[PDB]
Amino acid sequence: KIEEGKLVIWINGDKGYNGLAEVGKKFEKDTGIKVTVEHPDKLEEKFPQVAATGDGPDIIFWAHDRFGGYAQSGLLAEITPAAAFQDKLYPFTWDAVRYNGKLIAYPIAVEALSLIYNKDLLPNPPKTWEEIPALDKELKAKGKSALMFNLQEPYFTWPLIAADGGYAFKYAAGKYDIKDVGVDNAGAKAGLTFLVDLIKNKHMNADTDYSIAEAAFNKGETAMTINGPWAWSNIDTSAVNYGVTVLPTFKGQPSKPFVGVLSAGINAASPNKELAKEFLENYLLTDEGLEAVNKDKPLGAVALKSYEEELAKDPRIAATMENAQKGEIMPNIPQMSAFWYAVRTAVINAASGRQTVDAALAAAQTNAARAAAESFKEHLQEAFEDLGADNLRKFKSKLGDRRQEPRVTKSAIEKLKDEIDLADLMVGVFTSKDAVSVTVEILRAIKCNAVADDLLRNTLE
Ligand SMILES: OC[C@H]1O[C@H](O[C@H]2[C@H](O)[C@@H](O)[C@@H](O)O[C@@H]2CO)[C@H](O)[C@@H](O)[C@@H]1O
């Protein structure tokens, strides 16, 4: 499925992929070899499904937190450059791509979130989170609002949850301890309570996503947003006059974002391994290669010393590195994808009012330690689709009548939209193993025995 004598590359659709295609045209004009760039949907989950049997791209781009799990499954080739090349990039960027003693990818650039504001609507931005409710009121009298950002992905809400004390896994004596999880302490509860109260008092809406918020800022309808360096380009095209600065404090403490390093790995089953090393070391990681990508969509603070010393004179970049020093570098261990699925479910149920804050975070502490939890959620979704709409109305009636603990209110059931919402409510209230046991019990009481049997052989077994 992988053809000898050319190169195929995969990268996310919010980065500068037309700029990267210009670098491959130059490689073709010096050697004749053709390069193709693609941007599929959900690529961080498609890559481990196709590469296990030897298919996929020659080269894959993503942040460093996903790569430890790919290496444990045997999907990547080892990286081995000469000491003369290694001295061209900062030593702290090589530390982020080192796993069990070996290097497993090439580092490209450093990314962190900041606060972006409209100078004509608000020439002096606020220094604390506590000030935002009163400022929303002044702006409505002009037909506007104060702040809008993406509420569906937990990367954007984590800086406030961590300000007064929350954490992922505890670091002690040279290693992360995978059975000491920090999403349910006193500091984590206070930050999530402040976010839900903004929604209750009608300063924000619970269905806001990435493209809704991007259009409102660029049209002048809102005063502030929260985003990374890749977004600066489309703002330049618009009519808005903008600045970039440090995030606000909470209870007197700084906000603390998680920082990522964009990186490039090589497929263990590729037959083009030495063509791939020549493209990356001699064409992309140079002054003129990185300049072509940066002009399409900006990269942040790059890994190559000779070019980063010039970019550091830009005041937008100085603010990016101040937020990075108040935050923390992400771990790369294989347990990180189970952590991100658990926190995503907790924020969605609490912002929509289907669960209380305290009950949602106590279940996340348990789900974050279970490797197979997200797989169980996908098998529940498929069983609800197979019942059909008439039989699924009977299922939801019996769930609302249960007297066993924990109980589910009838108002919360009427607010669901489809089969994906129902599977997320079940794993968030009961945790993942108990969710399957209760579902099988209700299916037997409405006489749907074939569906219950198929679900059992693919989970608890
Ligand atoms: O929301 C969970 C998600 O966060 C990070 O993904 C970022 C990525 O690093 C950025 O480059 C940008 O594309 O936005 C993404 C969030 O929408 C983690 O790297 C990722 O593993 C995680 O699932």
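Laboratory data are not the source of any read-out in this text; all were calculated from the coordinates shown. Methodologically, a virtual Cβ is constructed for each residue, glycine included, from the backbone with ideal geometry; neighbour enumeration extends over all protein chains shown.
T225 is checked against (1) surrounded by fewer than 17 Cβ atoms within 10 Å (Cβ to Cβ); (2) within 16 Å of the ligand (Cβ to nearest atom) and fails just one. What number does that condition carry?
That leaves (1) as the condition not met.
Go through (1) free of Cβ contacts under 8 Å to residues at least 12 places away in the same chain; (2) away from the ligand (no atom under 13 Å from the Cβ) for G5 and report which single condition fails.
Exception for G5: condition (1).
Name the pairs: first residue in the stretch 373-394 and in contact (Cβ under 8 Å) with a residue 24 or more places away in the chain, second residue surrounded by 15 or more Cβ atoms within 10 Å (Cβ to Cβ) and of a type in the set (S, T, N, Q), Cβ to Cβ under 6 Å, at least 6 apart or on different chains?
Listed by first residue and then by second, the contacts come to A373/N367; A373/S432; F376/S432; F376/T459; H379/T459.
Got a sec? Which of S233, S238, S263 is under 21 Å from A63 (Cβ atoms), among the hydroxyl-bearing types (S, T, Y) and touching a helix residue (DSSP H, G or I) at 6+ places or on another chain (Cβ under 7 Å)?
Only one candidate passes the filter, namely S263.
Which of the residues spanning the stretch 41-91 are within 12 Å of the ligand (Cβ to nearest atom), among the aliphatic types (A, V, I, L, M) and assigned to a helix (DSSP H, G or I)?
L43
Output the residues belonging to the stretch 414-445 that are over 26 Å from the mean Cα position of the chain (by Cα), under 16 Å from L380 (Cβ atoms) and aliphatic (A, V, I, L, M).
Correct list: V436, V438, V440, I442, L443.
What tally of residues in the stretch 325-380 results from selecting those that are more than 16 Å from the ligand (Cβ to nearest atom), among the polar types (S, T, N, Q) and within 27 Å of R98 (Cβ to Cβ)?
Looking only at that region, the number is 1.
What residue, among those in the stretch 162-197 that are without any contact (Cβ under 8 Å) to a residue 60 or more places away in the chain and buried (at least 21 other Cβ atoms within 10 Å of the Cβ), is nearest to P257 (Cα to Cα)?
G166
Quick check, is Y90 over 20 Å from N272 (Cβ atoms) and either of a type in the set (S, T, N, Q) or surrounded by 13 or more Cβ atoms within 10 Å (Cβ to Cβ) (or both)?
yes
Evaluate the following for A350: is it part of a helix (DSSP H, G or I) and either surrounded by fewer than 22 Cβ atoms within 10 Å (Cβ to Cβ) or over 18 Å from the mean Cα position of the chain (by Cα) (or both)?
Taking the combined requirement at face value, the residue satisfies it.
Just to be sure, is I59 surrounded by fewer than 16 Cβ atoms within 10 Å (Cβ to Cβ) and aliphatic (A, V, I, L, M)?
The answer is no for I59.
Let me spell it out: the conditions are (1) closer than 26 Å to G260 by Cα; (2) touching a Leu at 6+ places or on another chain (Cβ under 8 Å), and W158 meets all of them except one. Which number is the exception?
Status for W158: all satisfied but (2).
If I filter the stretch 23-36 for residues that are part of a strand (DSSP E or B), away from the ligand (no atom under 16 Å from the Cβ) and farther than 18 Å from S263 by Cβ, do I get at least one hit? Quick ask: steps written out before the conclusion?
Step one: of the stretch 23-36, the residues part of a strand (DSSP E or B) are 35-36.
Applying the additional criterion that residues be away from the ligand (no atom under 16 Å from the Cβ) yields 35-36.
When the remaining residues are screened for being farther than 18 Å from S263 by Cβ, the result is 35-36.
Yes, that holds for at least one residue.
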